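2 protein chains.
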Amino acid sequence: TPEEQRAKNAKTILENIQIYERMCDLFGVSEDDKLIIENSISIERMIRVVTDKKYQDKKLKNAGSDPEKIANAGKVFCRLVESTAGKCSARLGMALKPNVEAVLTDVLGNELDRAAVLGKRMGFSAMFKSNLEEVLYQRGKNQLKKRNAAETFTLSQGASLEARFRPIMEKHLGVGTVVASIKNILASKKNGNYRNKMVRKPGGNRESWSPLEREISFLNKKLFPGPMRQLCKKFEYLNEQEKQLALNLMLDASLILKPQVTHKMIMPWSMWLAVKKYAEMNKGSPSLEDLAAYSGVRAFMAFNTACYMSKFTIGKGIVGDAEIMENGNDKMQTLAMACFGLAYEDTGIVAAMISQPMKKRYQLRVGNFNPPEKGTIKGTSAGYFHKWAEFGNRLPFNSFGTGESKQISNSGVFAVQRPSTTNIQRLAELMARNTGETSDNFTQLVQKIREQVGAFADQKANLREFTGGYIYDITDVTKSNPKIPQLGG
Amino acid sequence: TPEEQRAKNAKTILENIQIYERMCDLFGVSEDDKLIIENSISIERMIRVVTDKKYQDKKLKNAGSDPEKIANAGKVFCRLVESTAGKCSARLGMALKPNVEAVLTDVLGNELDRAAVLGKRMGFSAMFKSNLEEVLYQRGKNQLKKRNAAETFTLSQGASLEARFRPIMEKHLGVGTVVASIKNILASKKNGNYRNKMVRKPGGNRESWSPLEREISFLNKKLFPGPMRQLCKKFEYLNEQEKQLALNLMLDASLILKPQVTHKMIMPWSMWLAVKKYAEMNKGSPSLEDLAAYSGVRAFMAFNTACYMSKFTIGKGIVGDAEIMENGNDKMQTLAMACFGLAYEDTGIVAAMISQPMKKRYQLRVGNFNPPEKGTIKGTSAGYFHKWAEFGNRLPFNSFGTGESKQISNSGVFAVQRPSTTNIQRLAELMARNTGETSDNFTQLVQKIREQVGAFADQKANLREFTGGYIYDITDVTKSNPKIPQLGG
């Protein structure tokens, strides 16, 4: 089956490629300029705007009698990079919404109303944009609405998304994204700035239910087994302030605790195009199905492949303010961060894989990715993840558990006078948990969080990776060369 | 929106102008004598007396049977400047309370019972009077009641106000004003010289609550983030002596610490009239909406505009006692101080903006602004703030904060053996602050104040302005010419 999954993935990407090629020709993009990651972003952006069904309802509500509003409902704009003589600039490409719909309906089928097929791939793109926004600008103008601070922001990977995508992206969003959503849903229940809703998810659960259930379900799919998932089960029976308090403490606990939260890679569509043209310029050996997965070393193959000759803008100006500034390899880091979701990964790990030193925001420099008045083109530094690694989704051992099967209330076939490993107390706890015990949960789990943090603050002594874990060479997807990132100071 | 805010402001001032024009004609003021700032003050004064609802309740309580008390309840007096042959004097203007009420109800609407509409503009005027009193005479006869010393007085900007205004003026009053109020409220709880009360504030908070809450809220709106606002949250749970002790130390800390406290400009109503007549004498180019803001360089435009030809009294006598005395430009300084609230601003900054040397009380001379037996008129020195500056409301960087987003408990997708930036200790502090930790706060925050002062006593090395900050020319609202006030001795 996984080979056929790589094939369906390869077709999915080939569709995105065919759309993008058509989009590039549609706005008049020059052949070399098609490679541009900024152009990837611009097309992907335009597709979000067109596909924003909610905002289209609202647009209609204010579209009024004005013939200028009505004509601009037919036009679609795309700010794109165009180059000449090694210099580069923006152009305002324009095509009608039916032109965009034609390409989309042609490649994905007339039933774009299969919200699953278009929304899956566009969720992944919107997530990549959300990633890049998150590394860029700490979401300030959105958090002035979404009302929460920097630590909450760190756990809120993917929370730059338009609301419609948040259901689609369930697995990969950082726990804070869900938490912030719930906290803001309680504000919406005061403010009326919202419409409440009901949904269903085939292949997962045919349950037919609201944001309340949906969020709690996603929260259960994320939280740590035992106490935190038990708080997740309690959650419908917390009062609203108890929900906010619980959310806060769980969010804080999630700053340490790393239960199942899903990584993903999303390279830009122009990098997928770059992979196609690379395969072409390699004369019939690099095969996209070999790269066609949301997981595993195939992702590092694809990124380092893009690291041969892919192209992007350099503005002389900065996403910065002081006189200290730094090079395109920092853009290359930013791209990598956005592509693999590295924003809360270990910089030391990354420093060894990228095989160059890593950084914090006080040090990070980049451009805006938005097509320029004037600037210059640049191409990729070779092989950049000169070491790779195996991906993953949870803590090494989470927390200390019970005996695995022994030390329970002993059985006795043989008629012999005996001691016993008497354990009726934890047996009665297992009965209490499976019967759904409900008295003293909030505080109980608050305390359990307090002491679990302490236990973890011991467990750190070995709580570090899946036990084969090292930064192997690109000559060593074979995991032959186990080596550590750093000793310390 | 800000253009429309300038328009509503311009209408607000035009109303004040129409009231003042009518007031000037009502007491028989000569056309040139209408410009007089002392006349501005006298009208504004009379309006306070009429609008003092509390003191009108008390007046009724002692009005008794006496027909002389009853007739003088109908009369309203106004001591005003009148001039002849370059000499000047007082006249006791008289009009009935209904005459004053007619002008007010005519221009602001019959519902002067819209306490917001009249009280907003009158709070700003009463604040200007409080400013001028504060620079004049260090509030001695009020502080014999309000029981606190010179340093407390310096932080108590606006504390000359009648009580009713203190709620209205919440943003701009110096922190000491609130503090002194709280300390005197505790004395009132012994002495019974008061009635306690309840209020609500739309557009801000629909909470419906007493001076205790109101003061604590205003105090929270002022105090420094972290320790001082945390003391602000504790405050309801301090004992009464602990409140007094805390108030003292916070007040002392506020002598160094400059968290958010709001500047304002209030030029005299006769200076707004002077702006009108100036516009008139300029034949259709100076526009009041261009000047219509409580903030920004528009204020220096208006003051320097008044600096063309505005007029005021010179008495030969002095608010002074020794044989050393000095000129009308010192009145001009006093006016400026009262107009912009400069009383605790840097004299060096002001010396460069006014483009002439600045002073302390041992050097400051002025008149009483109260219409005279005999004296002479004088007019303004030209362009007086020959340099201007950008306004502001808080310290440059307050105090040193955390890392902004990095150096928290690291996440790990990749299965690799690793060090960590282990920071569980400050993570547990963030949990303690968001859970509302309550054991050891008074002393804890006393200590935090002690050490914060020390940290600040280091941080002074750069703690100086918003980083673009200089005394630019009036030819340079364009901020083109960055230059420093002084090097030192």
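Protein chains in written order, with the deposited numbering: chain A, 8 to 496; chain B, 8 to 496.
The beta-carbon is built from N, C-alpha and C at its ideal position, and this holds for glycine as well.
Residues of chain B with a CB under 9 Å from the CB of residue i: which are they?
i            : result
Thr482(A)    : Under the 9 Å cutoff, chain B gives no residues; its nearest Cβ is about 18 Å from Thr482(A).
residue 1(A) : It is not possible to answer for residue 1(A), since the shown part of chain A is limited to 8 through 496.
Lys367(A)    : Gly410, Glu411, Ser412, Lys413 and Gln414
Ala306(A)    : Under the 9 Å cutoff, chain B gives no residues; its nearest Cβ is about 12 Å from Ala306(A).
Taking C-beta pairs closer than 8 Å, name the residues in chain A that residue i reaches, listed in chain order.
i         : result
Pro232(B) : The contacting residues do not exist; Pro232(B) stays about 12 Å from chain A at best.
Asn212(B) : Here the premise fails: no neighbours, minimum Cβ distance about 14 Å.
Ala468(B) : Those within 8 Å of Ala468(B) in chain A number zero; the least Cβ separation is about 18 Å.
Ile431(B) : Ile263, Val460 and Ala464
So which residues on chain B does residue i lean against when the C-beta distance must stay under 8 Å?
i         : result
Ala157(A) : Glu411 and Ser412
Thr161(A) : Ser412 and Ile415
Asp259(A) : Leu434, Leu437, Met438 and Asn441
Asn400(A) : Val420
Let me check understanding here. Comparing Cα to Cα, which of the options lies closest to residue i?
i         : options                                       : result
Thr428(A) : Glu436(A), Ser418(A), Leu437(A) and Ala422(A) : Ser418(A)
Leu349(A) : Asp447(A), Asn400(A), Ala157(A) and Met205(A) : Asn400(A)
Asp353(A) : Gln424(B), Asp39(B), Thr409(B) and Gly93(B)   : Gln424(B)
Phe319(B) : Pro266(B), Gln363(B), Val373(B) and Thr269(B) : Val373(B)
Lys413(A) : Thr445(A), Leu434(A), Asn405(A) and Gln145(A) : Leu434(A)
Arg368(B) : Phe376(B), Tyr391(B) and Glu333(B)            : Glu333(B)
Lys381(A) : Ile77(A), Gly93(A), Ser406(A) and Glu108(A)   : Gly93(A)
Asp465(A) : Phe404(A), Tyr477(A), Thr445(A) and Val420(A) : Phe404(A)
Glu158(A) : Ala170(A), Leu151(A), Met288(A) and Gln145(A) : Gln145(A)
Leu238(B) : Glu458(B), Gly116(B), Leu452(B) and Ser302(B) : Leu452(B)
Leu280(B) : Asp337(B), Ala17(B) and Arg13(B)              : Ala17(B)
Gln267(A) : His179(A), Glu397(A) and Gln370(A)            : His179(A)
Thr409(B) : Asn430(B), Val460(B) and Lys104(B)            : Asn430(B)
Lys241(A) : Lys82(A), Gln340(A), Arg440(A) and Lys196(A)  : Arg440(A)
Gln493(A) : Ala253(B), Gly495(B) and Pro426(B)            : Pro426(B)
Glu287(A) : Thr312(A), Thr387(A) and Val304(A)            : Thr312(A)
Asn203(A) : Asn191(A), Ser90(A), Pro105(A) and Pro275(A)  : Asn191(A)
Can you round the beta-carbon distance between residue i and residue j to whole angstroms, since I take them to be within the 8 Å contact cut?
i         : j         : result
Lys385(A) : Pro234(A) : No, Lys385(A) and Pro234(A) are not in contact; Cβ-Cβ is about 50 Å, not under 8 Å.
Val110(A) : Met53(A)  : 11 Å between Cβ atoms; not a contact.
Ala187(B) : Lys153(B) : 6 Å
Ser96(A)  : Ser277(A) : Contact flag wrong, Cβ pair sits at about 18 Å.
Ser167(A) : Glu140(A) : 4 Å
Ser406(B) : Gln459(B) : 6 Å
Listing by chain order, which chain A residues have their CB less than 9 Å from the CB of residue i?
i         : result
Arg425(B) : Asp353, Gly355, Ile356, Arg471, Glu472, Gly476, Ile491, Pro492 and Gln493
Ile325(B) : Those within 9 Å of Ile325(B) in chain A number zero; the least Cβ separation is about 52 Å.
Note down, in chain order, every chain A residue with its Cβ under 7 Å from the Cβ of residue i.
i         : result
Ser418(B) : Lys265, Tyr351 and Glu352
In chain B, which residues lie with their C-beta within 7 Å of the C-beta of residue i?
i         : result
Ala462(A) : Near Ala462(A) there are no residues of chain B at all, since even the closest Cβ is about 12 Å away, more than 7 Å.
Below 7 Å between beta carbons is the criterion; list the residues of the stretch 369 to 398 of chain A that meet it against any residue of chain B, in chain order. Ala396, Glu397 and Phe398
Which whole runs of the alpha helix (DSSP H) in the stretch 340 to 388 of chain A are 4 residues long or more, in chain order? 354 to 360
Along the stretch 263 to 285 of chain A, where does the CB come closer than 7 Å to a CB of chain B? Name the residues. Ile263, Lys265 and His270
Going residue by residue through the stretch 280 to 341 of chain A, where are the continuous beta strand (DSSP E) segments of at least 3 residues, counting only ones entirely within it? Listed in chain order, the beta strand (DSSP E) elements of length 3 or more contained wholly in the stretch 280 to 341 of chain A are 318 to 321.
Contact residues within the stretch 178 to 197 of chain A, judged by C-beta distance below 7 Å to chain B: none
Chain B contacts made by the stretch 228 to 256 of chain A, where a contact means CB separation under 9 Å: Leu252, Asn255 and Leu256
What are the complete alpha helix (DSSP H) segments, minimum 4 residues, inside the stretch 87 to 164 of chain B? With a minimum length of 4 residues, the continuous alpha helix (DSSP H) runs that stay inside the stretch 87 to 164 of chain B are 104 to 115, 122 to 144, 147 to 153 and 157 to 162.
Scan the stretch 438 to 456 of chain B for residues whose Cβ lies nearer than 7 Å to a Cβ of chain A and list them as they occur along the chain. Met438 and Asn441
Quick one, which residues of the stretch 49 to 61 of chain A are near chain B if we go by CB-CB under 9 Å, in chain order? none
Which residues of the stretch 68 to 97 of chain A have a Cβ closer than 7 Å to any Cβ of chain B? Give them in chain order. none
Near-chain B residues of the stretch 133 to 148 of chain A - C-beta to any C-beta below 8 Å: Those residues of the stretch 133 to 148 of chain A that come within reach of chain B (Cβ to Cβ, closer than 8 Å) are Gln145.
Chain A contacts made by the stretch 103 to 129 of chain B, where a contact means CB separation under 7 Å: none
Scan the stretch 206 to 294 of chain B and note each continuous beta strand (DSSP E) run of 3 residues or more that stays entirely inside, going in chain order. Within the stretch 206 to 294 of chain B, the runs of beta strand (DSSP E) at least 3 residues long that lie entirely inside it are, in chain order, 206 to 208 and 212 to 216.
Could I get the ranges of all uninterrupted beta strand (DSSP E) runs contained in the stretch 380 to 435 of chain A, with 3 residues as the minimum, in chain order? Counting whole runs of 3 or more residues, the stretch 380 to 435 of chain A contains the beta strand (DSSP E) stretches 382 to 386.
Give the list of continuous alpha helix (DSSP H) stretches no shorter than 4 residues that lie fully inside the stretch 438 to 490 of chain A. 449 to 466
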